[PDB]
Amino acid sequence: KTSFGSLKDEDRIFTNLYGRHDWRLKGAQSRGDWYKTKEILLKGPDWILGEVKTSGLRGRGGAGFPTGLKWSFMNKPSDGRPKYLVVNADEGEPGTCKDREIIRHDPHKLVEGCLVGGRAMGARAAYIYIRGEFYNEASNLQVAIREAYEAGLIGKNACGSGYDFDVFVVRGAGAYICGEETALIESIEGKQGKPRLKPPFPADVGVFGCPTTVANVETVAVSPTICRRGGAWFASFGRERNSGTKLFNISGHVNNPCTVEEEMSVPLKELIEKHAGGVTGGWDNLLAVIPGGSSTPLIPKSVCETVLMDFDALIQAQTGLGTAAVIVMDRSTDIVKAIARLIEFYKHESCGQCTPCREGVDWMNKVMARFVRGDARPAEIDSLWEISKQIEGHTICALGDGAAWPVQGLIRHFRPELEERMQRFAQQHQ
Amino acid sequence: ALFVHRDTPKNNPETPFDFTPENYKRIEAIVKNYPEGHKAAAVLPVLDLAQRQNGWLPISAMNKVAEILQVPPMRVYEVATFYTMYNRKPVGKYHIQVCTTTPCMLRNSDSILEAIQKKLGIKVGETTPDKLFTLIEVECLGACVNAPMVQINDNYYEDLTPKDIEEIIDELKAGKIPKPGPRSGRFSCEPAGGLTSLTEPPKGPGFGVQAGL
Amino acid sequence: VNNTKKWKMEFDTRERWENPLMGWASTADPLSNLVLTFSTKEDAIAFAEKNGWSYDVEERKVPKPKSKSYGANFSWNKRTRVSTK
Ligand SMILES: NC(=O)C1=CN([C@@H]2O[C@H](COP(=O)(O)OP(=O)(O)OC[C@H]3O[C@@H](n4cnc5c(N)ncnc54)[C@H](O)[C@@H]3O)[C@@H](O)[C@H]2O)C=CC1
Ligand SMILES: Cc1cc2nc3c(=O)[nH]c(=O)nc-3n(C[C@H](O)[C@H](O)[C@H](O)COP(=O)(O)O)c2cc1C
Ligand code: SF4
Ligand code: FES
């Protein structure tokens, strides 16, 4: 298989993505959810971890770590501490609105994912750390969890398997940083959402100091479909090391901004011109695309023509796949205003723990605020580049990286527009 | 916008706060979601529960959450000043939150911020004099394909125009509660000109299930 | 810790009084500002004994090896949890 995309509706994992079917238990059981869950759980942890490792599932949260290799870190004998699957439903990334759709429209798929993943990792309970802004989605998921407790699908003797497993929902309180897994762990523990340093990875010391795996809503909700359909079925999509399907959020300057489930290595132009109705003003009106939400660097129109929407082809396009949140920016966009508003987001959403993010993201926001007006001299472009390189890899979590990278992409692909901004400032003010 | 407390006569450690008894049963249910010995993990819900009863957080709700969870009060003040939802000043009855990050800015959130400002006669951060509307300007709310959008207290109002948000403020001032949805033709997040996917009926239980299961 | 590397020989401090004109610290001690630096303890002891100075020796106090663990800030059951970070 050399061409990708054009995913059929029989291959969709997230049927009822759009809210057109019943999200409750009667609607979910007639779409395939909770089918033979007892038979999956009674095949033990090793079979489920083998199905996830065989599927080539990489972490849908945005980093793309191998999910079965990640979840096998819990597969070890206990030492008195309980074990916890913690589901990352925070989703603070600008551009990203897919986990909201999973929680709002396919909640039992997430609950069965919690059960299957927690059985795979020996977890006692599931904390679904949901965004506090998603109040309707959290009450929606709580109604589904009540339907799962009353059907005997979770809790004491889950699905008739003799495995006891609770599913808790924890609401956030308005922090983007509480999507990061250790800061999310600190936020569940009743503290400020400040990221822990690594090591200890959360499989050693996680929530309450227990063994813990934090996993995205999307990489959890696909796991019972992987265990039913087979790992080879999931691995038959996308390129190699880029297996499966993916939810995409096309937003910004397209005709039809939408969430859509697509095969992994689909071209960006095919995705936009098929599911989004194209760029406003046609494809020739395209200026730039932030491929995967705010933390990934932008790519210009010449790179968007041939690139594939998986992890490896976007790393080769010197950006990241990220959360697969495609923000489209047409030729009428002030791109420095957009990237500076993005860096303004990153300084309003930065917890303040370590020095390079706490100081340098505010200092990058001040430099970007002068760059929008042109109130600068061109030697401050390169300086800002080095400022980004002083934040990148020097911080605790990757929010410092996620604030350095849009600056780097903007400079790398749009230095002359910055320079002409500054020189027209210099000629109209001096 | 400050992160130190100054005792005013309406915000002091003798401002009357106490939970209702049904809120105490809710707090018992919250504390039972966590292991014994980690009652402090219930700081964020219970404090938010204190905001859902009182509308905001004086520094006796913080002290009550510190007292009934047996945590130090500074450990509650850190949570109350870290997280952007805990209102440490009394907001209006409808707390309008306009998202102006780049996916909502590219679909003209500035027009709707301006329309709310010229409908309410206030600007960002101010409250209307009848204490009904507090207009602030927030970051990404996770409704990016439904740009532009706002949030009012629990609800997302999506795919907005200036006329739509004027209508929403009209039927908020009339006492009614509007529908939390996209004000365009679509329903939640689908492509607007018809479905580009999922047009088939779902296959049902047992489709594609591998052998040996 | 770069000042805790070497041995020092000082002397007992003598009387410093107020100058009647300016209030300056007048002294009559010539050895008041005399600090000698030695690589080891035995060099300082040999130099004090060589010059007839009655001396006394304090031993080098190192900080003992501490046991540090960042994960110990987040224990399941121990008191060594942090309540803030
Ligand atoms: N989904 C969203 O809303 C957002 C997603 N992101 C994305 O998140 C990514 C950065 O997140 P991070 O978790 O910091 O990335 P990455 O450095 O940490 O690690 C990914 C996952 O693998 C695990 N892991 C990695 N090496 C491990 C090891 N040796 N042993 C055990 N576990 C190991 C980590 O615990 C983590 O859960 C970026 O790609 C960014 O685009 C960023 C912001 C928002
Ligand atoms: C600042 C920051 C915010 C993050 N926010 C989220 C998030 O909101 N949702 C999410 O699933 N992952 C988020 N992540 C990625 C997590 O660190 C982690 O990789 C993920 O939640 C769980 O791994 P997974 O991809 O295997 O599911 C964030 C990372 C950082 C650095
Ligand atoms: S880099 Fe920023 S987000 Fe990360 S621990 Fe430091 S202050 Fe927090
Ligand atoms: S950008 Fe406004 S909701 Fe995400």
Side-chain angles (χ1 to χ4, degrees), chain A residues 13-14 16 22-45 47-49 51-52 71 74 82-89 99 102-130 137-171 188 206-208 210-228, chain B residues 29-35 45 205 213:
Chain A
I13 297 172
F14 296 104
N16 192 5
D22 196 1
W23 60 267
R24 292 184 288 114
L25 185 62
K26 296 297 294 296
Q29 287 176 352
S30 67
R31 292 191 299 272
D33 291 331
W34 296 106
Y35 181 75
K36 285 183 182 177
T37 303
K38 179 176 72 68
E39 285 80 0
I40 296 169
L41 300 183
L42 288 175
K43 294 182 78 69
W47 182 75
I48 300 169
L49 292 177
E51 290 292 326
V52 178
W71 292 359
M74 297 282 283
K83 290 192 285 183
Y84 294 104
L85 174 60
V86 177
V87 183
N88 191 347
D99 299 331
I102 303 171
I103 295 162
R104 186 173 58 175
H105 294 163
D106 289 328
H108 294 280
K109 191 174 290 182
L110 179 58
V111 177
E112 190 182 3
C114 291
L115 180 60
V116 171
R119 181 71 183 93
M121 66 186 66
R124 186 184 182 275
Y127 288 94
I128 302 172
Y129 185 80
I130 198 164
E137 290 83 3
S139 297
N140 211 149
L141 181 60
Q142 282 286 104
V143 174
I145 289 165
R146 187 182 64 187
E147 292 178 353
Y149 276 109
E150 291 180 351
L153 299 171
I154 54 174
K156 180 66 181 293
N157 195 3
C159 296
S161 65
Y163 185 72
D164 296 334
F165 186 78
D166 286 333
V167 179
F168 302 97
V169 171
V170 178
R171 292 183 66 248
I188 295 171
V207 66
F208 313 113
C210 291
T212 299
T213 291
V214 180
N216 195 9
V217 177
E218 186 181 1
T219 187
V220 160
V222 299
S223 59
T225 305
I226 290 170
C227 292
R228 288 194 295 268
Chain B
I30 288 169
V31 175
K32 283 173 92 287
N33 299 125
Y34 300 109
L213 182 66

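Numbers restart at 1 for each chain; the letters A, B, ... are given by sequence-line order, proteins then strands.
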Gap separating the [atom1] atom of [X] from the [atom2] atom of [Y], nearest 0.5 angstrom:
{"X": "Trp47(A)", "Y": "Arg119(A)", "atom1": "CH2", "atom2": "CZ", "result": "12.0 Å"}
{"X": "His108(A)", "Y": "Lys26(A)", "atom1": "NE2", "atom2": "NZ", "result": "11.5 Å"}
{"X": "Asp99(A)", "Y": "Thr219(A)", "atom1": "CG", "atom2": "OG1", "result": "10.5 Å"}
{"X": "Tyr127(A)", "Y": "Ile188(A)", "atom1": "OH", "atom2": "CD1", "result": "8.0 Å"}
{"X": "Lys36(A)", "Y": "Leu213(B)", "atom1": "NZ", "atom2": "CG", "result": "5.5 Å"}
{"X": "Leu85(A)", "Y": "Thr212(A)", "atom1": "CG", "atom2": "OG1", "result": "9.0 Å"}

Check your understanding: Can you tell which of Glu112(A), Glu39(A), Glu51(A) makes a side-chain contact (heavy atoms from CB on, under 4.5 Å) with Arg228(A)?
Key -> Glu112(A)
Work out which heavy atom in [X] is nearest to a heavy atom in [Y]; give both atom names and the distance.
{"X": "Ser161(A)", "Y": "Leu41(A)", "answer": "OG-CD1, 3.4 Å"}
{"X": "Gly122(A)", "Y": "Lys83(A)", "answer": "O-CE, 3.3 Å"}
{"X": "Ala120(A)", "Y": "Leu49(A)", "answer": "O-CD1, 3.6 Å"}
{"X": "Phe165(A)", "Y": "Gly118(A)", "answer": "CE1-CA, 3.8 Å"}
{"X": "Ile40(A)", "Y": "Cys227(A)", "answer": "CG2-CB, 4.0 Å"}
{"X": "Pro107(A)", "Y": "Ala144(A)", "answer": "CB-CB, 3.6 Å"}

Practice item. Check step by step if side-chain contact (heavy atoms from CB on, under 4.5 Å) holds for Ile48(A) and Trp71(A). Key: CA-CA 10 Å; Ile48(A) 300 169; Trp71(A) 292 359; 5.9 Å; no
Check your understanding: Is there a donor-acceptor pair closer than 3.5 Å between any side-chain N or O of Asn216(A) and the backbone N or O of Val220(A)?
Key -> no
Check your understanding: Is the side chain of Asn88(A) donor-acceptor paired with the backbone N or O of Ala215(A) at a distance under 3.5 Å, no angle test?
Key -> no
Check your understanding: Would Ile128(A) and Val167(A) satisfy side-chain contact (heavy atoms from CB on, under 4.5 Å), going step by step from the backbone distance to the final call?
Key -> CA-CA 7 Å; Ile128(A) 302 172; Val167(A) 179; 3.7 Å; yes
Side chains of [X] and [Y] in contact at under 4.5 Å (non-hydrogen atoms):
{"X": "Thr37(A)", "Y": "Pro224(A)", "answer": "no"}
{"X": "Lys109(A)", "Y": "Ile102(A)", "answer": "no"}
{"X": "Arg24(A)", "Y": "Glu147(A)", "answer": "yes"}
{"X": "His105(A)", "Y": "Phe14(A)", "answer": "no"}

Exercise for review: Go through the steps for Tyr34(B) and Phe208(A) under the test side-chain contact (heavy atoms from CB on, under 4.5 Å), then give the verdict.
Suggested key: CA-CA 9 Å; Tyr34(B) 300 109; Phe208(A) 313 113; 3.7 Å; yes
Point to revise | Intermediate values then yes/no, side-chain contact (heavy atoms from CB on, under 4.5 Å), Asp166(A) and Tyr149(A) | key: CA-CA 9 Å; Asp166(A) 286 333; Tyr149(A) 276 109; 3.1 Å; yes
